[PDB]
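K.L.:
compute the structure for the input listed below.
(4 chains, ligands or ions: 4)
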Amino acid sequence: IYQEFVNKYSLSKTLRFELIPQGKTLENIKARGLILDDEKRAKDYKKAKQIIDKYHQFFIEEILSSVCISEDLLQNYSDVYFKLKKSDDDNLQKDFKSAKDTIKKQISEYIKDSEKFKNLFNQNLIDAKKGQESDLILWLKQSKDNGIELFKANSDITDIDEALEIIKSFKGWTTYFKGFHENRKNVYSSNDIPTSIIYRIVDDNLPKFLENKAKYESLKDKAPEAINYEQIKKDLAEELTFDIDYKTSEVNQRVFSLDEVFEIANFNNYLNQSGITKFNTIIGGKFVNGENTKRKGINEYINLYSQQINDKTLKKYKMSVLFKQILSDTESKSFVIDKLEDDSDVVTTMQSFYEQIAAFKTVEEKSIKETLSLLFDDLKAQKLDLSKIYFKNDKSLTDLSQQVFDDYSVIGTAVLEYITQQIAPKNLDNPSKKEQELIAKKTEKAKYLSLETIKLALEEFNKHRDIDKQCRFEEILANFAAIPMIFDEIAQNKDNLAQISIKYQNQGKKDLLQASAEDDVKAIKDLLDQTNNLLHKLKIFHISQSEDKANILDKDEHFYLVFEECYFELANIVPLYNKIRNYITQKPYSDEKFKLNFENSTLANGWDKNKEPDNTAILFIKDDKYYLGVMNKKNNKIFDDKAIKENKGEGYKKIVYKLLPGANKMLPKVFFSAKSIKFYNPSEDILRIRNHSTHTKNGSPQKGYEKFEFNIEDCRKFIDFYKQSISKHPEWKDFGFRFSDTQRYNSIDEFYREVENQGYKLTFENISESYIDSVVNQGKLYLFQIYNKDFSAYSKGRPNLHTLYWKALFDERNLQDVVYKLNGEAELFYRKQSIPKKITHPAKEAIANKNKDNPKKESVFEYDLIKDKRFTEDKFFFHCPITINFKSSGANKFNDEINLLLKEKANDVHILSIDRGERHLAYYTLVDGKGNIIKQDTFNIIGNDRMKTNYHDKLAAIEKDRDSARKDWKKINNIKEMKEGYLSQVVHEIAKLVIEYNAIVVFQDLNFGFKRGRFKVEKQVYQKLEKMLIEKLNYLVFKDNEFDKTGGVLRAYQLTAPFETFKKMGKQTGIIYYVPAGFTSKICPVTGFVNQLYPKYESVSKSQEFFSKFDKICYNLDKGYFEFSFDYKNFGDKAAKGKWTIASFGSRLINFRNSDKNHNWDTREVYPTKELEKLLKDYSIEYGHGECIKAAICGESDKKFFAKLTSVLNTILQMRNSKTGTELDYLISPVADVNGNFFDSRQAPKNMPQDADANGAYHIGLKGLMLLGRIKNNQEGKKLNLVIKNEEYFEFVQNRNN
RNA sequence: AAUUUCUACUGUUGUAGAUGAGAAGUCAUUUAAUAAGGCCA
DNA sequence: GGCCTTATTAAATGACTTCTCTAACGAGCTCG
DNA sequence: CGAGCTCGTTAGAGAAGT
Ligand SMILES: [Mg+2]
Ligand SMILES: [Mg+2]
Ligand SMILES: [Mg+2]
Ligand SMILES: [Mg+2]
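P.N.:
Numbering: from 1, shown residues only, chains lettered A, B, ... in the order given. Ligands and ions are numbered 1, 2, ... in the order given. Structure as follows:
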């Protein structure tokens, strides 16, 4: 089993705890004000990360725009990029790695050739030194305040007179930023990290520009349509300026053209953010002010030719927009809307609109309401001619169809039955071989279908109706007579909300977005949608000024000096509905769990004894209780070597901590020091090895020297030379190494570990209890208690894991050989109060339970039970890192150790396998090493202890609440915590099965192209069961198992590779194999049949060729069902060997019919056998003899016959069915090669799948079962072939039992 | 309806499982409004 | 009355990929 | 005008890898 597989690689956690202020430390903290001046150092510290990240926005516009013109190296990259995608053994990446790095070393040459890069990451930024004004407060002071710039106009920072004060108040707090200046050494890294601006250009925006021009010279090919470069280039001209061409020299302000935009030499203008919001506006498009329509772009002009002209494959020249530049305040060029700030807008902006609608009198003396009851009433008495009245055949007409007529296809199929008889004769002049498109035939797409073409065409529509009183023109004509009644539903609903537009008329309230207004937003929202939906019923008469070539439609008489004057006021629900929707939908700002300083920039950066007057944080132990003492700033030497001797008594075991961090960085820090090199005495040759870097393979040389070779002829150099004195330091003589010895020791990596593996000492020194209480009462120590609900007295049973780790830091089983090394840089926090004090369950009165299996219905409870006591209290927290498996950290070549484990521990290893999705969120199936499954249950109902709750319906209830919250502007409730708490039940249920049944759990692949658009489902546990199973078998401790035994707390299970990324993961994360998607669910389990046919009814003549390919299509005399018994060798794409005998004995099912419109409303049911006997009754083909009846089927040609028999073959092949109840939708197998009795999974035994989704996990665990067959026979061909192609997969499934 | 935190609980000032935190950056998605379009037994 | 496409804007959530898990020396400093 | 003092800084291996 997995029992020799503990202590494999180091890890890290962060144990959280509460800190209870003991004694009068809470009296001392709140006396000075060490929390009231600490929410002013996380609210006034994130301001100084928005001032330093705005000096990086006047350095990232100088490292990419003003310099960095990487010319003609681009073509050397582009030649080896497109060539690389075809085929590559080992050569095409040699030039590709060279062409990648050579572009980077010109971007990262202005890294080390600028003045603003050394004085950017240290003290010289904020406050440099006495006598020097520092480069960030110099950049802000004279260049901005005395210059002309106001660039703090978009923040919570007011101006720049105030923004110097945030920076200057961190004087002395420069090492507080040492984790922020390591996130700005990542923006400029010349390495393969995605935070870098040299990865954003070379590995994001450049290959997304090579394929962005390879899909444009293939767009001049195959498609020269009317893309914008015919006349329409007044639109995208302000974003085609490009003040310097990069095929030639400078050109002042000429408008570029699309030929010299996708030139490879002009990528060097697509570097900064001002030239990516000037390239995505090419591809995307933009809106303007005083607009009529949209200014389109190349990925929109391809849409209007792809679908509008033909049936298409031109969608796949969809050109990507380029990713933004790191740290960049992006621009739009697309009219961002003037978003509002508080609640005094939403009841004044919304209030001033309906003041202007209901109380507007024109210069022609009318109102908006009494000129649709007066002007659309003139449509009844025909006072206006019905030919200058125009609909708009895009959607407002077809929306008017199934609003008046209860059918969409009335006005559509009444001009269809009018254009074929009136404007066209019965001569049938070119029906198909003509235009039939938007140019000559569809003259009403962009143009306006007249009501004169509706008046005497609906009158012609009723000439062939069934009943007499049917749909005709005066029902359309009287709807718009009833449209100014919605004018009276608004402005009476607005007078209805006169009492809730006054409970929010106060500036800066910001309360409509609270959940206390969740039922009053509903009154504000549904007053907008009585105006939004009103102005989709006047979007039928709208003349959009997009005038075509002299095709001015004649329409003037009292219908557009009237309608477009009153539609012009009511069209302001573009700037009313979105200034409000974007304000309500935002979450309200919760309070912060800010970080505790106690006036110390290095608070608990280290626990070491030598640094405690600098760190000021000590740990204690008193009777299995743990204590956090934080010394005062002023009184920091109150635990020195003197005060422990004068107070050595009985009580708090104070913790003595010894640490040697970074033996690469530390042993040549003190030995080769510029203070005490004379004491360690390096020889004449050691002092140049640290210069020439001979002791390293790839280590840096000291300045002014050159890297020599590690192991040319001196691999045995450092053994007898570079090993001098660790046992001469005053403190560090505690090690006892496994010294070099010329035979027993490799390179300098294996010494700097054995320093750090042994450079950790934890010892205990008693302090008398009367002294600790004396400094706490005085003000010289802030003692807290590290409290975790298992350190309480009432802890009956098993504790947590983040308690059973913390007890195991300070143990004595631990410190014999350290597994649980405590770390530094721990954080202290203070979460304020969130939930109010409402008791809701008072004393001693009974409370009804929530379990029907529970042999109890009430509970007494002498004490109260407030709702959330976590959040009714102002708490102190303590995030504390650990470094589990400390002296073992080999995290490399992990997966070959498992593939050598499973090569020996085969025939005893089972295959867990999980299907994600919606019908089952997960579905394990413990398939053993022969196929015959053992356990099988959904992970929908989980928690087998005493509850058995159903999270599949809990998560679906959040989806239907989240999606309702988005569409009702309610608060979107976070589904990730319910899903984290659901999966914790699953993972533990997995983790028990991994050890009890020896699993090698295998998922479906789900390439990231799938799961991006599978985020439509919100209950789906894609990416999330696997990420919470890799990091949960990285360290798998069993609370039942004995402390220091195999799966215990010291020795715990490590069964995944260390989770670095998914990118360098592949298809083996330890034991978490992946298998690729497709053809897992649709397979008969007992035989192995698949859906390798695809009838679609393309033509009629080749349909005769389709049903001639079968071997025989016969009725069975002996039993009574049809057969389509064939072989697949006589078919097109990929022949799978096997003679299939598919049948129609099983009664198949649901075909997904459609009631009024399409896309999966309802279901059906049809039997296959009794559907084609009807078809052998409609035609003269008989079947009583029982032989080959193939030739009779191919003879009788019909439009009906070969469009129906394929649609029955698209139903016998449909195996996943069995709706109408949605109760474990089973499978029917056609072939059944065993005895002819089919596989119907309702009547399935224990060791077969039970529904359709149990057949996915039976085959994810079956293509993942031949992974375990390769590994069982794997050898010196170490190229581990985990990728499978379904040519042997289909071979292995079918030939299983044999 | 009690938690370092989350989920389910009453298991009785708690019970069972899980818990890698901080910071920075980006990306993906959903919904809505808008724009131009396509299709339907 | 539905479904889908290409975009743009705004709001949300979810989730990826990087850095760190540090004691000791040396300026730089106030003080004498 | 050197005493320590005290915070910003400095020291700077090594291996696998859609
Ligand atoms: Mg440039
Ligand atoms: Mg316990
Ligand atoms: Mg527990
Ligand atoms: Mg709960």
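K.L.:
around ligand 2, pick out the residues from chain A.
P.N.:
Residues of chain A lying near ligand 2 by CB under 5 Å from the ion: A:795, A:797-799. Bear in mind the C-beta positions are built from the backbone N, C-alpha and C, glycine included.
K.L.:
which parts of the stretch 651-800 of chain A are helices?
P.N.:
A:663-670, A:677-680, A:686-692, A:717-720, A:749-756, A:769-776 (DSSP state H, counting those that start in this stretch).
K.L.:
returning to that earlier point: neighbour-wise, give me the winner out of the residues of chain A next to ligand 2.
P.N.:
The most crowded member of the residues of chain A next to ligand 2, judged by other CB atoms under 10 Å, is residue A:799 (16 neighbours).
K.L.:
care to break chain A down by domain?
P.N.:
If you go by automatic domain parsing, the domain ranges for chain A are A:44-68+A:115-188, A:197-308, A:340-379+A:489-591, A:391-426+A:433-479, A:907-1075, A:1101-1249.
K.L.:
would JSON lines of the helices of the stretch 651-800 of chain A with mean neighbour count be doable?
P.N.:
Output for the helices of the stretch 651-800 of chain A, formatted as JSON lines (neighbours: other CB atoms under 10 Å):
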{"stretch": "helix A:663-670", "mean neighbour count": "15"}
{"stretch": "helix A:677-680", "mean neighbour count": "12"}
{"stretch": "helix A:686-692", "mean neighbour count": "17"}
{"stretch": "helix A:717-720", "mean neighbour count": "16"}
{"stretch": "helix A:749-756", "mean neighbour count": "17"}
{"stretch": "helix A:769-776", "mean neighbour count": "18"}
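K.L.:
number of nearby residues for residue A:617?
P.N.:
Residues near residue A:617, counting by other CB under 10 Å, number 23.
K.L.:
quick check: phi and psi at it.
P.N.:
The phi/psi pair for residue A:617 (degrees, to the nearest 10) reads phi -160, psi 120.
K.L.:
how about the closest residue to it other than its chain neighbours, secondary structure?
P.N.:
If the residues on either side of it in the chain are set aside, residue A:617 comes closest to residue A:604, at 3.8 Å by CB to CB, 6 or more residues apart in numbering. What DSSP: H, G, I helix; E, B strand; the rest coil gives for residue A:604 is coil.
K.L.:
now residue A:27
P.N.:
Here residue A:27 is recorded as helix under three-state DSSP.
K.L.:
what residues are up against it?
P.N.:
By CB atoms under 8 Å, 6 or more residues apart in numbering, residue A:27 lies in contact with nothing.
K.L.:
with residue A:777 as the reference, measure out to it.
P.N.:
9 Å (CB to CB, to the nearest Å).
K.L.:
most centrally placed residue in chain A?
P.N.:
For chain A, residue A:1012 is the residue whose C-alpha lies nearest the centre (CA atoms, centre = their mean; 7.3 Å).
K.L.:
what parts of the stretch 251-400 of chain A come near RNA strand B?
P.N.:
Those residues of the stretch 251-400 of chain A that sit near RNA strand B, judged by CB under 7 Å from any atom of the strand, are A:287, A:293-294, A:300, A:303-304, A:307-308, A:323-328, A:394-395, A:398.
K.L.:
of those, buried ones?
P.N.:
For these, a burial check counting by 16 or more other CB atoms under 10 Å picks out A:324-328, A:398.
K.L.:
contacts with DNA strand D among those residues, please.
P.N.:
The subset of those within reach of DNA strand D, by CB under 7 Å from any atom of the strand, is empty.
K.L.:
and which of those is nearest residue A:1088?
P.N.:
Residue A:1088 lies nearest to residue A:398 out of those, by CB to CB, at 47.8 Å.
K.L.:
how near is the nearest residue to that closest one once chain neighbours are set aside to residue A:397?
P.N.:
Among residues not flanking residue A:398 along the chain, residue A:408 sits closest, at 5.3 Å (CB to CB, 6+ apart). As judged by CB to CB, residue A:408 and residue A:397 stand 10 Å apart.
K.L.:
any chance of CSV for the helices of the stretch 651-800 of chain A, columns distance to DNA strand D?
P.N.:
Formatted as CSV, these follow (distance: least, CB to the nearest atom of the strand, whole Å):
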stretch, distance to DNA strand D
helix A:663-670, 3
helix A:677-680, 12
helix A:686-692, 6
helix A:717-720, 9
helix A:749-756, 4
helix A:769-776, 19
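K.L.:
of all those, which lies closest to residue A:1128?
P.N.:
With CB to CB, the closest approach to residue A:1128 among the helices of the stretch 651-800 of chain A belongs to helix A:749-756: 57.3 Å.
K.L.:
A strand includes residue A:879, no?
P.N.:
Yes - judged by three-state DSSP, residue A:879 forms part of a strand.
K.L.:
which residues does it bridge with?
P.N.:
residue A:827 (DSSP bridges).
K.L.:
how many neighbouring residues does it have?
P.N.:
As a burial measure, residue A:879 scores 15 neighbours (other CB under 10 Å).
K.L.:
please apply the same query to residue A:858.
P.N.:
Counted with other CB under 10 Å, residue A:858 comes out at 10.
K.L.:
now it: how far from residue A:845?
P.N.:
9 Å.
K.L.:
need the contact list for the residue in chain A that DNA strand C sits nearest to.
P.N.:
Nearest residue of chain A to DNA strand C (CB to the nearest atom of the strand) works out as residue A:606 at 1.8 Å. By CB under 8 Å, 6+ apart, residue A:606 lies in contact with A:615, A:657, A:659, A:661, A:824-825.
K.L.:
what's the answer for residue A:878, then?
P.N.:
Counting by CB under 8 Å, 6+ apart, residue A:878 touches A:16-19, A:628, A:784, A:786, A:826-829.
K.L.:
now, of the residues you listed, which are buried?
P.N.:
Buried subset of these (neighbour count, 16+ other CB under 10 Å): A:17-19, A:628, A:784, A:786, A:826-829.
K.L.:
which of the residues you listed sits closest to RNA strand B?
P.N.:
Closest approach to RNA strand B among those (CB to the nearest atom of the strand): residue A:18, at 3.8 Å.
K.L.:
reformat the contacts of residue A:878 as TSV; add distance to residue A:389.
P.N.:
Converted to TSV, the contacts of residue A:878 look like this (distance: CB to CB, whole Å):
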residue	distance to residue A:389
A:16	70
A:17	75
A:18	74
A:19	76
A:628	81
A:784	80
A:786	80
A:826	76
A:827	71
A:828	74
A:829	69
